[PDB]
Structures are given as structure tokens and as C-alpha cells.
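Structure file model-v3.pdb with PDB, C-alpha atoms and all ligand atoms:
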MODEL        1
ATOM      1  CA  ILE A   1     -25.648  -0.591  12.522
ATOM      2  CA  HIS A   2     -28.033   0.556   9.791
ATOM      3  CA  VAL A   3     -27.100   3.601   7.696
ATOM      4  CA  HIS A   4     -29.648   5.067   5.246
ATOM      5  CA  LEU A   5     -28.821   7.873   2.745
ATOM      6  CA  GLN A   6     -31.521   9.636   0.708
ATOM      7  CA  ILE A   7     -30.859  12.905  -1.167
TER       8      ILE A   7
ATOM      9  CA  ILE B   1     -27.251   2.360  15.994
ATOM     10  CA  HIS B   2     -29.508   3.663  13.240
ATOM     11  CA  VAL B   3     -28.412   6.715  11.244
ATOM     12  CA  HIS B   4     -30.781   8.243   8.724
ATOM     13  CA  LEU B   5     -29.919  11.122   6.382
ATOM     14  CA  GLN B   6     -32.683  12.732   4.332
ATOM     15  CA  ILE B   7     -32.198  16.040   2.497
TER      16      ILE B   7
ATOM     17  CA  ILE C   1     -24.365  -3.743   8.870
ATOM     18  CA  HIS C   2     -26.769  -2.396   6.261
ATOM     19  CA  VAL C   3     -25.675   0.497   4.043
ATOM     20  CA  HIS C   4     -28.165   2.023   1.637
ATOM     21  CA  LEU C   5     -27.340   4.751  -0.885
ATOM     22  CA  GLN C   6     -30.171   6.433  -2.797
ATOM     23  CA  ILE C   7     -29.662   9.664  -4.739
TER      24      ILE C   7
ATOM     25  CA  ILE D   1     -22.944  -6.818   5.353
ATOM     26  CA  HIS D   2     -25.404  -5.658   2.695
ATOM     27  CA  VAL D   3     -24.474  -2.672   0.513
ATOM     28  CA  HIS D   4     -27.077  -1.193  -1.872
ATOM     29  CA  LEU D   5     -26.264   1.515  -4.479
ATOM     30  CA  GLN D   6     -28.989   3.314  -6.444
ATOM     31  CA  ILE D   7     -28.306   6.549  -8.362
TER      32      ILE D   7
ATOM     33  CA  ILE E   1     -21.725  -9.939   1.723
ATOM     34  CA  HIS E   2     -24.191  -8.580  -0.825
ATOM     35  CA  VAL E   3     -23.086  -5.775  -3.150
ATOM     36  CA  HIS E   4     -25.606  -4.213  -5.499
ATOM     37  CA  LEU E   5     -24.769  -1.585  -8.123
ATOM     38  CA  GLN E   6     -27.629   0.139  -9.956
ATOM     39  CA  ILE E   7     -27.072   3.317 -11.969
TER      40      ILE E   7
ATOM     41  CA  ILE F   1     -20.401 -13.041  -1.812
ATOM     42  CA  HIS F   2     -22.939 -11.856  -4.384
ATOM     43  CA  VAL F   3     -21.966  -8.973  -6.681
ATOM     44  CA  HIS F   4     -24.613  -7.429  -8.985
ATOM     45  CA  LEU F   5     -23.801  -4.876 -11.748
ATOM     46  CA  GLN F   6     -26.529  -2.970 -13.598
ATOM     47  CA  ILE F   7     -25.753   0.160 -15.628
TER      48      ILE F   7
ATOM     49  CA  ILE G   1     -24.308  19.775   2.085
ATOM     50  CA  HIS G   2     -21.732  17.700   3.941
ATOM     51  CA  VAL G   3     -22.915  14.860   6.187
ATOM     52  CA  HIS G   4     -20.404  12.989   8.312
ATOM     53  CA  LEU G   5     -21.202   9.948  10.460
ATOM     54  CA  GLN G   6     -18.559   8.620  12.842
ATOM     55  CA  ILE G   7     -19.350   6.082  15.576
TER      56      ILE G   7
ATOM     57  CA  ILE H   1     -23.331  16.648  -1.514
ATOM     58  CA  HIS H   2     -20.602  14.672   0.256
ATOM     59  CA  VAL H   3     -21.621  11.805   2.550
ATOM     60  CA  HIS H   4     -18.971  10.067   4.694
ATOM     61  CA  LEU H   5     -19.656   6.906   6.779
ATOM     62  CA  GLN H   6     -17.128   5.548   9.291
ATOM     63  CA  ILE H   7     -18.058   2.917  11.912
TER      64      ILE H   7
ATOM     65  CA  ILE I   1     -21.969  13.533  -5.178
ATOM     66  CA  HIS I   2     -19.338  11.624  -3.220
ATOM     67  CA  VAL I   3     -20.382   8.630  -1.122
ATOM     68  CA  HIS I   4     -17.809   6.908   1.053
ATOM     69  CA  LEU I   5     -18.455   3.752   3.083
ATOM     70  CA  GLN I   6     -15.826   2.555   5.565
ATOM     71  CA  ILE I   7     -16.582  -0.054   8.226
TER      72      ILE I   7
ATOM     73  CA  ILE J   1     -20.877  10.356  -8.785
ATOM     74  CA  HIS J   2     -18.121   8.470  -6.967
ATOM     75  CA  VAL J   3     -19.076   5.545  -4.715
ATOM     76  CA  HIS J   4     -16.401   3.888  -2.534
ATOM     77  CA  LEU J   5     -17.010   0.662  -0.524
ATOM     78  CA  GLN J   6     -14.486  -0.616   2.028
ATOM     79  CA  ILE J   7     -15.405  -3.268   4.626
TER      80      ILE J   7
ATOM     81  CA  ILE K   1     -19.406   7.286 -12.366
ATOM     82  CA  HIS K   2     -16.774   5.447 -10.353
ATOM     83  CA  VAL K   3     -17.783   2.375  -8.348
ATOM     84  CA  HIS K   4     -15.214   0.698  -6.130
ATOM     85  CA  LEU K   5     -15.821  -2.531  -4.199
ATOM     86  CA  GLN K   6     -13.235  -3.678  -1.649
ATOM     87  CA  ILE K   7     -14.013  -6.351   0.946
TER      88      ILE K   7
ATOM     89  CA  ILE L   1     -18.348   4.080 -15.868
ATOM     90  CA  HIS L   2     -15.565   2.278 -14.005
ATOM     91  CA  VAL L   3     -16.496  -0.739 -11.871
ATOM     92  CA  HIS L   4     -13.828  -2.350  -9.627
ATOM     93  CA  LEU L   5     -14.340  -5.686  -7.783
ATOM     94  CA  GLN L   6     -11.894  -6.892  -5.125
ATOM     95  CA  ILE L   7     -12.831  -9.655  -2.674
TER      96      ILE L   7
HETATM   97 ZN    ZN A 101     -31.270  -0.730   7.206
HETATM   98 ZN    ZN A 102     -33.453   5.022   8.308
HETATM   99 ZN    ZN A 103     -30.868  -1.133   1.441
HETATM  100 ZN    ZN A 104     -28.694  -6.884   0.204
HETATM  101 ZN    ZN A 105     -28.381  -7.249  -5.545
HETATM  102 ZN    ZN A 106     -26.426 -12.853  -6.845
HETATM  103 ZN    ZN A 107     -16.919  14.134   6.309
HETATM  104 ZN    ZN A 108     -16.373  13.613   0.117
HETATM  105 ZN    ZN A 109     -14.339   8.259  -0.863
HETATM  106 ZN    ZN A 110     -13.860   7.472  -7.038
HETATM  107 ZN    ZN A 111     -11.793   2.291  -7.806
HETATM  108 ZN    ZN A 112     -11.206   1.415 -13.612
ENDMDL
END
Turn this file's structure into C-alpha cells for me.
Amino acid sequence: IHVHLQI
Amino acid sequence: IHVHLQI
Amino acid sequence: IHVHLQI
Amino acid sequence: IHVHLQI
Amino acid sequence: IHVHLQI
Amino acid sequence: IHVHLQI
Amino acid sequence: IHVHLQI
Amino acid sequence: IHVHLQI
Amino acid sequence: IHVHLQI
Amino acid sequence: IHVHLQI
Amino acid sequence: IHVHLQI
Amino acid sequence: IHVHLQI
């Protein structure tokens, strides 16, 4: 599972 | 599963 | 599992 | 598991 | 396990 | 286990 | 903004 | 912004 | 910003 | 910014 | 900034 | 900045 967070 | 969050 | 955090 | 933190 | 902390 | 700290 | 991911 | 990841 | 990672 | 990692 | 690493 | 390492 790949989780990417960009804010 | 790939989850991407961009805001 | 890959977790990336960019803010 | 790879965890990356960039703030 | 790879943990990277960049702030 | 590789831990990297950069502040 | 609140983002929750549960799988 | 609050981001929660649970897998 | 609060980032929580639980896997 | 609070970052929590639990695996 | 609070960084917690638990594995 | 508080950094905690537990492996
Ligand atoms: Zn990825
Ligand atoms: Zn992505
Ligand atoms: Zn990454
Ligand atoms: Zn890595
Ligand atoms: Zn690194
Ligand atoms: Zn290293
Ligand atoms: Zn949530
Ligand atoms: Zn939160
Ligand atoms: Zn948390
Ligand atoms: Zn904290
Ligand atoms: Zn802590
Ligand atoms: Zn402390």
C-alpha cells in the first residue's frame, strides 16, 4: 500500500 | 492500494 | 508499505 | 516499510 | 525499515 | 533499520 | 481540512 | 489540516 | 498540522 | 506540526 | 515539532 | 523539537 500526502 | 491526497 | 509526508 | 517526513 | 526526518 | 534526523 | 484513510 | 492513516 | 501513521 | 509513526 | 518513531 | 526513537 502506497500513501502519499501533499498539502 | 494507492491513496493520494493533494490539497 | 510506503508512507510519504510532504507539507 | 519506508517512511519519509518533509515539512 | 527506513525512517527519514527532515524539517 | 536506518534512522535519519535532519533539523 | 480533515483527511481520513482507513483500509 | 489533520491527516490520519490506518491500514 | 497533525499527521498520524498507523499500520 | 506533530508527526506520529507506529508500525 | 514533535516527531515520534515506534516500530 | 522533540525526536523519539523506539525500535
Ligand atoms: Zn509510494
Ligand atoms: Zn500518489
Ligand atoms: Zn516517499
Ligand atoms: Zn525510504
Ligand atoms: Zn533517509
Ligand atoms: Zn542510514
Ligand atoms: Zn480522521
Ligand atoms: Zn488529527
Ligand atoms: Zn497522532
Ligand atoms: Zn505529538
Ligand atoms: Zn513522542
Ligand atoms: Zn521528548
As a ChimeraX atom specification, please: the residues near residue J:1 (cut-off 10 Å, all atoms listed in the file, same-chain neighbours under 6 positions excluded).
/C:7 /D:7 /E:7 /H:1 /I:1-3 /K:1-3 /L:1
Explicit residue set for the PyMOL selection byres (((chain A and resi 4) around 6) and not hetatm), as a VMD selection string
(chain A and resid 3 5) or (chain B and resid 4) or (chain C and resid 4)
Restrict the selected residues to C-alpha atoms and save them as a JSON list (two decimals), in the coordinates of the input.
[["chain", "number", "residue", "atom", "x", "y", "z"],
["A", 3, "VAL", "CA", -27.10, 3.60, 7.70],
["A", 5, "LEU", "CA", -28.82, 7.87, 2.74],
["B", 4, "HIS", "CA", -30.78, 8.24, 8.72],
["C", 4, "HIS", "CA", -28.16, 2.02, 1.64]]
Separating atom ZN of ligand ZN 102 (chain A) from atom CA of residue C:6, to the nearest tenth of an Å, is a gap of 11.7 Å
Provide an axis-aligned box for all listed atoms of chain A, padding each side by 4 Å; report its centre and its edge lengths in Å to one decimal, as JSON.
{"center_x": -28.6, "center_y": 6.2, "center_z": 5.7, "size_x": 13.9, "size_y": 21.5, "size_z": 21.7}
